[PDB]
Structures are given as structure tokens and as C-alpha cells.
Amino acid sequence: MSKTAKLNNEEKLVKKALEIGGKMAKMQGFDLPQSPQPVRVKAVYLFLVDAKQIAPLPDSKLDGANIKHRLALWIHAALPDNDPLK
């Protein structure tokens, strides 16, 4: 299994993971808060680790960049065409 497609502007993939992870959480019976931005990113992350969508980062890699990166490769794989969101 070679790594499918390239990942350009991570920011768009993070946002799309806020969309899919946010709406999924909501429909699963939750509500992620409309708070600054990196807090919502981390909220989506916790939900996705619970949902076994991604693996838990250690407290050393529990950082805004690493969280966004988890969400990025998640949705990059989650899209069936593995689209770069460009």
C-alpha cells in the first residue's frame, strides 16, 4: 500500500475534518462548541480517536500542529478519491 495522493494546504483538510467530524459527533448525539478555532480542532480529534478514525497522540505530540495533521491525513484517506482539497 503506497500513500495515496499529495497533501498541499493542510488548513483545508483540517476544516473539512471539522465539517465531517463535527456533523458526525452531532448526529452521534453530541455538540462540539463554536469556540475560537484550535479548541474545535482538538474537540474533533478526541471524537475521532474515540470513533477509532485516528490513533491517540502522546501528551508530547498533543500539540495544535500534530492535532491538525491527524485530522488532515484522516480526511485525505476518508475521501474515496483521496482528493487534496485544492
# chains A, B, ... in the order shown; residues from 1 in each chain; ligands from 1

call {"tool": "residues_around", "arguments": {"residues": "residue A:32", "least_positions_apart": "4", "cutoff": "9 Å", "atoms": "only C-alpha atoms", "output": "VMD selection string"}}
result
chain A and resid 22 to 23 25 to 26 40 43 to 44

call {"tool": "residues_around", "arguments": {"residues": "residue A:9", "least_positions_apart": "2", "cutoff": "10 Å", "atoms": "only C-alpha atoms", "output": "list in words"}}
result
residues 6, 7, 11, 12, 13, 14, 72, 84, 85 and 86 of chain A

call {"tool": "write_last_selection", "arguments": {"atoms": "N, CA, C and O atoms", "output": "tab-separated table (two decimals), in the first residue's frame"}}
result
chain	number	residue	atom	x	y	z
A	6	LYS	N	-1.27	13.50	-2.83
A	6	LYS	CA	-0.47	14.52	-2.11
A	6	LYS	C	-1.38	15.39	-1.22
A	6	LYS	O	-2.59	15.48	-1.46
A	7	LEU	N	-0.77	16.01	-0.20
A	7	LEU	CA	-1.46	16.83	0.81
A	7	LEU	C	-0.81	18.23	0.79
A	7	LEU	O	0.31	18.40	1.29
A	11	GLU	N	-4.60	23.17	5.95
A	11	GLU	CA	-5.67	24.01	6.53
A	11	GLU	C	-7.08	23.61	6.03
A	11	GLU	O	-8.02	23.53	6.83
A	12	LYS	N	-7.20	23.31	4.72
A	12	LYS	CA	-8.49	22.95	4.09
A	12	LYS	C	-8.96	21.57	4.58
A	12	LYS	O	-10.16	21.35	4.77
A	13	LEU	N	-7.99	20.67	4.78
A	13	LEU	CA	-8.25	19.30	5.26
A	13	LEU	C	-8.67	19.31	6.75
A	13	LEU	O	-9.53	18.52	7.16
A	14	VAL	N	-8.06	20.22	7.52
A	14	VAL	CA	-8.41	20.44	8.94
A	14	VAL	C	-9.87	20.91	9.05
A	14	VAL	O	-10.66	20.32	9.80
A	72	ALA	N	-5.99	16.05	9.08
A	72	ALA	CA	-5.61	16.20	7.67
A	72	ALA	C	-5.52	14.85	6.94
A	72	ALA	O	-6.24	14.63	5.96
A	84	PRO	N	-6.97	16.23	-2.71
A	84	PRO	CA	-6.08	17.12	-1.92
A	84	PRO	C	-6.79	18.38	-1.38
A	84	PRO	O	-6.18	19.19	-0.66
A	85	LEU	N	-8.09	18.53	-1.75
A	85	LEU	CA	-8.97	19.67	-1.37
A	85	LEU	C	-8.54	21.00	-1.99
A	85	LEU	O	-9.10	22.04	-1.65
A	86	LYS	N	-7.60	20.95	-2.94
A	86	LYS	CA	-7.03	22.13	-3.60
A	86	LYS	C	-8.14	22.92	-4.37
A	86	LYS	O	-8.65	22.41	-5.38

call {"tool": "residues_around", "arguments": {"residues": "residue A:74", "least_positions_apart": "4", "cutoff": "7 Å", "atoms": "only C-alpha atoms", "output": "PyMOL selection string"}}
result
chain A and resi 54+70+78

call {"tool": "closest_residue", "arguments": {"among": "A:1, A:60, A:16, A:35", "to": "residue A:83", "atoms": "only C-alpha atoms"}}
result
A:16

call {"tool": "select_by_dssp", "arguments": {"residues": "chain A", "states": "alpha helix (DSSP H)", "output": "ChimeraX atom specification"}}
result
/A:10-28,38-50,64-78

call {"tool": "residues_around", "arguments": {"residues": "residue A:56", "least_positions_apart": "2", "cutoff": "12 Å", "atoms": "only C-alpha atoms", "output": "PDB file with N, CA and C atoms, in the first residue's frame"}}
result
ATOM      1  N   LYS A  42      -9.185  20.312  18.297  1.00  0.00           N
ATOM      2  CA  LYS A  42      -8.812  19.334  19.338  1.00  0.00           C
ATOM      3  C   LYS A  42     -10.059  18.516  19.770  1.00  0.00           C
ATOM      4  N   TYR A  45     -10.697  15.946  17.078  1.00  0.00           N
ATOM      5  CA  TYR A  45      -9.635  14.948  17.307  1.00  0.00           C
ATOM      6  C   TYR A  45     -10.050  13.899  18.364  1.00  0.00           C
ATOM      7  N   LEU A  46     -10.486  14.368  19.558  1.00  0.00           N
ATOM      8  CA  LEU A  46     -10.901  13.485  20.683  1.00  0.00           C
ATOM      9  C   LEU A  46     -12.046  12.557  20.257  1.00  0.00           C
ATOM     10  N   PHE A  47     -13.029  13.144  19.556  1.00  0.00           N
ATOM     11  CA  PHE A  47     -14.169  12.402  18.993  1.00  0.00           C
ATOM     12  C   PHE A  47     -13.691  11.307  17.999  1.00  0.00           C
ATOM     13  N   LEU A  48     -12.739  11.659  17.120  1.00  0.00           N
ATOM     14  CA  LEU A  48     -12.207  10.740  16.087  1.00  0.00           C
ATOM     15  C   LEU A  48     -11.348   9.608  16.694  1.00  0.00           C
ATOM     16  N   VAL A  49     -10.606   9.895  17.776  1.00  0.00           N
ATOM     17  CA  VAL A  49      -9.799   8.868  18.480  1.00  0.00           C
ATOM     18  C   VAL A  49     -10.747   7.872  19.189  1.00  0.00           C
ATOM     19  N   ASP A  50     -11.852   8.423  19.734  1.00  0.00           N
ATOM     20  CA  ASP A  50     -12.945   7.641  20.353  1.00  0.00           C
ATOM     21  C   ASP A  50     -13.623   6.743  19.304  1.00  0.00           C
ATOM     22  N   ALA A  51     -13.830   7.326  18.115  1.00  0.00           N
ATOM     23  CA  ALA A  51     -14.515   6.678  16.985  1.00  0.00           C
ATOM     24  C   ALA A  51     -13.551   5.766  16.189  1.00  0.00           C
ATOM     25  N   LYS A  52     -12.273   5.700  16.653  1.00  0.00           N
ATOM     26  CA  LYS A  52     -11.200   4.835  16.090  1.00  0.00           C
ATOM     27  C   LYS A  52     -10.864   5.211  14.629  1.00  0.00           C
ATOM     28  N   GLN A  53     -11.197   6.461  14.285  1.00  0.00           N
ATOM     29  CA  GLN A  53     -10.893   7.082  12.999  1.00  0.00           C
ATOM     30  C   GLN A  53      -9.391   7.411  12.901  1.00  0.00           C
ATOM     31  N   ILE A  54      -8.795   7.819  14.043  1.00  0.00           N
ATOM     32  CA  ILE A  54      -7.342   8.096  14.172  1.00  0.00           C
ATOM     33  C   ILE A  54      -6.809   7.524  15.505  1.00  0.00           C
ATOM     34  N   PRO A  58       0.602  10.999  21.938  1.00  0.00           N
ATOM     35  CA  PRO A  58       1.058  11.191  23.344  1.00  0.00           C
ATOM     36  C   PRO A  58       0.947  12.671  23.769  1.00  0.00           C
ATOM     37  N   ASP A  59       1.080  12.949  25.079  1.00  0.00           N
ATOM     38  CA  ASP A  59       0.999  14.333  25.618  1.00  0.00           C
ATOM     39  C   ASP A  59       2.131  15.235  25.075  1.00  0.00           C
ATOM     40  N   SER A  60       3.232  14.605  24.622  1.00  0.00           N
ATOM     41  CA  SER A  60       4.345  15.303  23.952  1.00  0.00           C
ATOM     42  C   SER A  60       3.932  15.763  22.529  1.00  0.00           C
ATOM     43  N   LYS A  61       3.135  14.925  21.823  1.00  0.00           N
ATOM     44  CA  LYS A  61       2.625  15.243  20.469  1.00  0.00           C
ATOM     45  C   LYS A  61       1.158  15.701  20.534  1.00  0.00           C
ATOM     46  N   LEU A  62       0.674  16.034  21.739  1.00  0.00           N
ATOM     47  CA  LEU A  62      -0.653  16.647  21.919  1.00  0.00           C
ATOM     48  C   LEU A  62      -0.454  18.165  21.793  1.00  0.00           C
ATOM     49  N   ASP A  63      -0.346  18.591  20.537  1.00  0.00           N
ATOM     50  CA  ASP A  63       0.008  19.956  20.139  1.00  0.00           C
ATOM     51  C   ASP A  63      -0.815  20.339  18.909  1.00  0.00           C
ATOM     52  N   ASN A  66       0.166  18.907  15.460  1.00  0.00           N
ATOM     53  CA  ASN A  66       0.013  17.435  15.399  1.00  0.00           C
ATOM     54  C   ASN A  66      -1.471  17.019  15.316  1.00  0.00           C
ATOM     55  N   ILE A  67      -2.342  17.778  16.015  1.00  0.00           N
ATOM     56  CA  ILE A  67      -3.801  17.563  16.006  1.00  0.00           C
ATOM     57  C   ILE A  67      -4.357  17.792  14.585  1.00  0.00           C
ATOM     58  N   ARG A  70      -3.293  15.107  12.173  1.00  0.00           N
ATOM     59  CA  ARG A  70      -4.142  13.907  12.358  1.00  0.00           C
ATOM     60  C   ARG A  70      -5.435  14.031  11.542  1.00  0.00           C
ATOM     61  N   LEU A  71      -6.098  15.182  11.706  1.00  0.00           N
ATOM     62  CA  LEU A  71      -7.359  15.495  11.019  1.00  0.00           C
ATOM     63  C   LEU A  71      -7.163  15.536   9.487  1.00  0.00           C
TER      64      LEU A  71
END

call {"tool": "closest_residue", "arguments": {"among": "A:57, A:75, A:27, A:39", "to": "residue A:10", "atoms": "only C-alpha atoms"}}
result
A:75

call {"tool": "atom_distance", "arguments": {"atom1": "atom CA of residue A:18", "atom2": "atom CA of residue A:79"}}
result
14.1 Å

call {"tool": "atom_distance", "arguments": {"atom1": "atom CA of residue A:38", "atom2": "atom CA of residue A:68"}}
result
8.4 Å

call {"tool": "atom_distance", "arguments": {"atom1": "atom CA of residue A:24", "atom2": "atom CA of residue A:5"}}
result
24.6 Å

call {"tool": "closest_residue", "arguments": {"among": "A:31, A:64, A:80, A:73", "to": "residue A:3", "atoms": "only C-alpha atoms"}}
result
A:73

call {"tool": "decode", "arguments": {"residues": "chain A", "atoms": "C-alpha atoms", "output": "PDB file, in the first residue's frame"}}
result
ATOM      1  CA  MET A   1       0.000   0.000   0.000  1.00  0.00           C
ATOM      2  CA  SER A   2       1.674   3.217  -1.280  1.00  0.00           C
ATOM      3  CA  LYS A   3       0.438   6.520   0.298  1.00  0.00           C
ATOM      4  CA  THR A   4      -2.491   7.715  -1.891  1.00  0.00           C
ATOM      5  CA  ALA A   5      -2.266  11.312  -3.321  1.00  0.00           C
ATOM      6  CA  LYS A   6      -0.468  14.520  -2.114  1.00  0.00           C
ATOM      7  CA  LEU A   7      -1.463  16.833   0.806  1.00  0.00           C
ATOM      8  CA  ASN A   8      -0.932  20.554  -0.092  1.00  0.00           C
ATOM      9  CA  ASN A   9      -2.794  23.164   2.092  1.00  0.00           C
ATOM     10  CA  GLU A  10      -3.364  21.160   5.339  1.00  0.00           C
ATOM     11  CA  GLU A  11      -5.668  24.015   6.527  1.00  0.00           C
ATOM     12  CA  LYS A  12      -8.488  22.950   4.091  1.00  0.00           C
ATOM     13  CA  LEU A  13      -8.251  19.305   5.263  1.00  0.00           C
ATOM     14  CA  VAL A  14      -8.410  20.444   8.939  1.00  0.00           C
ATOM     15  CA  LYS A  15     -11.582  22.495   8.159  1.00  0.00           C
ATOM     16  CA  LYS A  16     -13.134  19.535   6.257  1.00  0.00           C
ATOM     17  CA  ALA A  17     -12.397  17.322   9.299  1.00  0.00           C
ATOM     18  CA  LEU A  18     -14.195  19.988  11.459  1.00  0.00           C
ATOM     19  CA  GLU A  19     -17.113  19.570   8.983  1.00  0.00           C
ATOM     20  CA  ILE A  20     -17.242  15.716   8.844  1.00  0.00           C
ATOM     21  CA  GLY A  21     -16.071  15.133  12.457  1.00  0.00           C
ATOM     22  CA  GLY A  22     -18.354  17.945  13.719  1.00  0.00           C
ATOM     23  CA  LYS A  23     -21.537  16.785  11.896  1.00  0.00           C
ATOM     24  CA  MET A  24     -20.795  13.101  12.770  1.00  0.00           C
ATOM     25  CA  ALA A  25     -20.399  13.978  16.517  1.00  0.00           C
ATOM     26  CA  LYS A  26     -23.669  15.956  16.347  1.00  0.00           C
ATOM     27  CA  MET A  27     -25.620  13.052  14.657  1.00  0.00           C
ATOM     28  CA  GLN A  28     -23.968  10.519  17.099  1.00  0.00           C
ATOM     29  CA  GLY A  29     -25.644  12.616  19.835  1.00  0.00           C
ATOM     30  CA  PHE A  30     -23.176  15.411  20.720  1.00  0.00           C
ATOM     31  CA  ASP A  31     -22.410  19.106  20.031  1.00  0.00           C
ATOM     32  CA  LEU A  32     -18.834  20.375  19.536  1.00  0.00           C
ATOM     33  CA  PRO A  33     -18.652  24.071  20.771  1.00  0.00           C
ATOM     34  CA  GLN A  34     -18.329  27.143  18.440  1.00  0.00           C
ATOM     35  CA  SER A  35     -15.184  28.345  20.298  1.00  0.00           C
ATOM     36  CA  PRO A  36     -12.056  30.278  18.823  1.00  0.00           C
ATOM     37  CA  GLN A  37     -10.692  27.547  16.356  1.00  0.00           C
ATOM     38  CA  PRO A  38      -7.778  25.200  17.689  1.00  0.00           C
ATOM     39  CA  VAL A  39     -10.103  24.167  20.576  1.00  0.00           C
ATOM     40  CA  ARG A  40     -12.688  22.856  17.991  1.00  0.00           C
ATOM     41  CA  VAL A  41      -9.830  21.149  16.098  1.00  0.00           C
ATOM     42  CA  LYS A  42      -8.812  19.334  19.338  1.00  0.00           C
ATOM     43  CA  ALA A  43     -12.538  18.525  20.113  1.00  0.00           C
ATOM     44  CA  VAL A  44     -12.930  16.830  16.661  1.00  0.00           C
ATOM     45  CA  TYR A  45      -9.635  14.948  17.307  1.00  0.00           C
ATOM     46  CA  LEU A  46     -10.901  13.485  20.683  1.00  0.00           C
ATOM     47  CA  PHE A  47     -14.169  12.402  18.993  1.00  0.00           C
ATOM     48  CA  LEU A  48     -12.207  10.740  16.087  1.00  0.00           C
ATOM     49  CA  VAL A  49      -9.799   8.868  18.480  1.00  0.00           C
ATOM     50  CA  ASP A  50     -12.945   7.641  20.353  1.00  0.00           C
ATOM     51  CA  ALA A  51     -14.515   6.678  16.985  1.00  0.00           C
ATOM     52  CA  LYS A  52     -11.200   4.835  16.090  1.00  0.00           C
ATOM     53  CA  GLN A  53     -10.893   7.082  12.999  1.00  0.00           C
ATOM     54  CA  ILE A  54      -7.342   8.096  14.172  1.00  0.00           C
ATOM     55  CA  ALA A  55      -4.766   6.828  16.767  1.00  0.00           C
ATOM     56  CA  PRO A  56      -4.104   8.793  20.089  1.00  0.00           C
ATOM     57  CA  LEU A  57      -1.072  11.131  20.052  1.00  0.00           C
ATOM     58  CA  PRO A  58       1.058  11.191  23.344  1.00  0.00           C
ATOM     59  CA  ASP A  59       0.999  14.333  25.618  1.00  0.00           C
ATOM     60  CA  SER A  60       4.345  15.303  23.952  1.00  0.00           C
ATOM     61  CA  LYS A  61       2.625  15.243  20.469  1.00  0.00           C
ATOM     62  CA  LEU A  62      -0.653  16.647  21.919  1.00  0.00           C
ATOM     63  CA  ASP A  63       0.008  19.956  20.139  1.00  0.00           C
ATOM     64  CA  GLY A  64      -2.030  22.161  17.736  1.00  0.00           C
ATOM     65  CA  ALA A  65       0.131  21.226  14.686  1.00  0.00           C
ATOM     66  CA  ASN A  66       0.013  17.435  15.399  1.00  0.00           C
ATOM     67  CA  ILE A  67      -3.801  17.563  16.006  1.00  0.00           C
ATOM     68  CA  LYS A  68      -4.402  19.368  12.654  1.00  0.00           C
ATOM     69  CA  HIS A  69      -2.065  16.849  10.955  1.00  0.00           C
ATOM     70  CA  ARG A  70      -4.142  13.907  12.358  1.00  0.00           C
ATOM     71  CA  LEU A  71      -7.359  15.495  11.019  1.00  0.00           C
ATOM     72  CA  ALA A  72      -5.610  16.203   7.666  1.00  0.00           C
ATOM     73  CA  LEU A  73      -4.439  12.628   6.800  1.00  0.00           C
ATOM     74  CA  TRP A  74      -7.738  11.292   8.246  1.00  0.00           C
ATOM     75  CA  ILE A  75      -9.985  13.180   5.760  1.00  0.00           C
ATOM     76  CA  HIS A  76      -7.349  12.730   2.972  1.00  0.00           C
ATOM     77  CA  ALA A  77      -7.913   8.946   3.417  1.00  0.00           C
ATOM     78  CA  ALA A  78     -11.681   9.353   4.232  1.00  0.00           C
ATOM     79  CA  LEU A  79     -12.468  10.885   0.806  1.00  0.00           C
ATOM     80  CA  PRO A  80     -12.782   7.825  -1.632  1.00  0.00           C
ATOM     81  CA  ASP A  81     -10.946   9.758  -4.420  1.00  0.00           C
ATOM     82  CA  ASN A  82      -8.328  10.817  -1.761  1.00  0.00           C
ATOM     83  CA  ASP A  83      -8.755  14.438  -3.021  1.00  0.00           C
ATOM     84  CA  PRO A  84      -6.076  17.123  -1.919  1.00  0.00           C
ATOM     85  CA  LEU A  85      -8.969  19.667  -1.373  1.00  0.00           C
ATOM     86  CA  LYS A  86      -7.034  22.132  -3.600  1.00  0.00           C
TER      87      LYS A  86
END
